[PDB]
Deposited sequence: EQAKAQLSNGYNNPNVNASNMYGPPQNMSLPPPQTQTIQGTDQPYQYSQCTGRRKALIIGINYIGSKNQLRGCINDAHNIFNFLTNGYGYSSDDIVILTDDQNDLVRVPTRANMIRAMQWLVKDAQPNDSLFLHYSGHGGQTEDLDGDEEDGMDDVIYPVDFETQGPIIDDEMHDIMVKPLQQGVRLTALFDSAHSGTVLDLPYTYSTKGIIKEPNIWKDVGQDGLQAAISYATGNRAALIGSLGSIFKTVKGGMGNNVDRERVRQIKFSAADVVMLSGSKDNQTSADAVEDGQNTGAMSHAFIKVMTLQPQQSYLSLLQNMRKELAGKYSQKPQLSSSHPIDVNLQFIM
């Protein structure tokens, strides 16, 4: 619980997530892993807050990195990606609060079992609740974890995958997910729920550390389990970044299963 590429090996025999509906002991709450054979849609948001007193470097670039990663290896078509960044010239693609909320609704609308939805955010993060900050937050305010959960998690049918990756700080509970995993094992779980398949990656204590690690690991060694992905992301980050990656989920994860999108 090292190979020729100097990375942590997944289990010798790694299974795809099971297609059968899963259950949680002691309760009547089913869930289903997505097979990720359906529609692939992504919402990618990168905000530098250009011109502001707390302008950031690298977040727009993080978004472009994820866009390129998803379109050039993972079957996300440009027509099925909404990318919101604050340095480009189309108002409908600026990460204003209203555009972000609309895009979040668009992402999950009519999602079907075995679809694979992806969410990426790089920008300001904070803890009031964890929150994220649209470019117009000074006037419109942030978007809080409870609302992101209500928009993007609550409506999902059994077996819809949502994979979320946050490059922002203090974003560990940003989707209000009840399970959290580190490289060392389970660090949070309910004291016994969605039936969907929601998983998220975020960092806990320039450029996005999580997208940096995720893209490099998946580019060099695309075969990973949930746990080996975490371990290899952690290895890549050690020394350079102050961040350690954690995986949160709407359901218990068999961490030895293959990570697919």
Which residue ranges of the deposited sequence are not present in the modelled coordinates? 1 to 10, 12 to 15, 143 to 153, 218 to 268, 282 to 294
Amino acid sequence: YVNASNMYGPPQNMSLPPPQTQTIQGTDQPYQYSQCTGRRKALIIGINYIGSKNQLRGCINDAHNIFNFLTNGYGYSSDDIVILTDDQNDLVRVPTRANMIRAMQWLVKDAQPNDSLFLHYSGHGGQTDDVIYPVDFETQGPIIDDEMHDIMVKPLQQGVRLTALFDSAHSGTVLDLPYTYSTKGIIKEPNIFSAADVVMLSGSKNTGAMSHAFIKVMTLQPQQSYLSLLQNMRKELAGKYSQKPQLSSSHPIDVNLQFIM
From here on, numbers count along this sequence of modelled residues.
Where do the C-alpha atoms have the higher mean temperature factor in this entry, in 27 to 35 or in 208 to 216? 27 to 35
Look up the CA B-factors in the entry and say which stretch, 106 to 114 or 160 to 168, has the higher mean. 106 to 114
Selection by C-alpha B-factor (highest) of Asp87, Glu189, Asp136, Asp129: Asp129
Reading the B-factor column for Cα atoms of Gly123, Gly141, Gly75, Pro95, the highest value belongs to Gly75
Position of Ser5 among the chain's modelled residues by C-alpha B-factor, lowest, middle or highest third: highest
On the chain's distribution of Cα B-factors, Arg234 falls within the third called middle
Name the third of the chain's ranked CA B-factors that contains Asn68, choosing lowest, middle or highest. middle
Relative to the other modelled residues of the same chain, rank the CA B-factor of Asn54 and answer lowest, middle or highest third. highest
Based on the deposited C-alpha B factors for this chain, I'd like to know if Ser194 is in the lowest, middle or highest third. highest
